[PDB]
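K.L.:
Shown below is the structure under consideration.
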């Protein structure tokens, strides 16, 4: 009997896709994100924004995931993006992401 309950072994977790842009609108309740290659924008609420509401300007790059929201397309679970030009360092490892 070879067929049965099997497990415990390497597991590949390759990334799928994502959508990011630039915070063009700055308000004390909600804002909008602008796209580069494409011209599609969405409405994101700061309440969902998971970052530093204290220091966010002028328009730090941000990420989001378009869902199948009924009515309009909004961005849920917004997460700020990393700095632009990366700088060398002495931290060799798997890194995040």
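Please treat every number below as a calculation from the coordinates, not as lab data.
K.L.:
Find, to one decimal place in angstroms, the Kirkwood hydrodynamic radius of the chain, where the mean of 1/r is taken over every pair of different Cα atoms and then inverted.
P.N.:
Kirkwood radius, the chain: 16.4 Å.
K.L.:
Looking at the chain, what % of its DSSP beta bridges pair antiparallel, to the nearest 5?
P.N.:
95 percent
K.L.:
May I have the extent of the alpha carbons of segment 10-58 along their three principal axes, as whole Å values ordered from largest to smallest?
P.N.:
46, 26, 16
K.L.:
With viscosity set to 1.306 mPa s and temperature to 10 °C, compute the Stokes-Einstein D of segment 52-91, Rh being the Kirkwood radius across alpha carbon pairs; µm²/s, no decimals.
P.N.:
Stokes-Einstein gives a translational diffusion coefficient of 124 µm²/s.
K.L.:
So how much slack lies between residue 22 and residue 8, counting 0.36 nm per residue of separation and subtracting their Cα-Cα distance, in nm?
P.N.:
Stretched fully, the residue 22-residue 8 segment lengthens by 0.9 nm.
K.L.:
Let me ask something else. For residue 50 and residue 30, calculate 0.36 nm times their separation in residues minus their Cα-Cα distance, and state this gained length in nm to one decimal.
P.N.:
Answer, rounded to one decimal: 5.9 nm.
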